[PDB]
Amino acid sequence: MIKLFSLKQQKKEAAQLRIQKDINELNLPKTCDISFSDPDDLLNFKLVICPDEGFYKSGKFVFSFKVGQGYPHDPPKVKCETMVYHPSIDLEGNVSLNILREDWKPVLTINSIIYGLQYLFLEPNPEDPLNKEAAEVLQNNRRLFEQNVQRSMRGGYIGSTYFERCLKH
């Protein structure tokens, strides 16, 4: 304990509030809902996207949002709790979305994140994949990628990976 001395001399004489503004102003699609375990603490919550259209149509995918104290300057850490067959999402549950890391700017909102997050399911892209096999099938065969995504959401094996059923009820 080095600087311990200095502190003593100075002894003798919420920053968000932003994520608050994000949440108040939040506008959710009919496909997306959010949950809070602790209504008092907004820096943690959950998001559920149920695509009504696309390959992932009729499916339930839940993401977790952890908002650091460096918000808006630091981006939220979000991960996909649902095991899914997607080029931009890995079995480890890491998400490849530009706004989440490099293209993040502190002019954005949780709303923004939600739109990009849904956008993955709307417009799945083989470019710079987290899952290479998924990106490869998406790349060469859309028919098979569709059949695959379906089998992945109803639950079943594709490869040696058992994909567990995520269907919305």
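Position 1 is the first residue in the sequence shown; the rest follow in order.
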query	finding
Deposited-sequence gap flanked by residue 13 and residue 14	10 or more
Greater mean Cα temperature factor according to the PDB record, 140 to 148 or 27 to 35	27 to 35
Between 40 to 48 and 113 to 121 (mean CA B-factor, as deposited), the higher	40 to 48
Entry-reported Cα temperature factor of residue 57, expressed as the chain third it lands in	middle
Third assignment of residue 107 from its chain's C-alpha B-factors	highest
Within-chain third of residue 17 by Cα B-factor, per the entry	highest
Residue 99 CA temperature factor, ranked by third within the chain	highest
Position of residue 126 among the chain's modelled residues by C-alpha B-factor, lowest, middle or highest third	middle
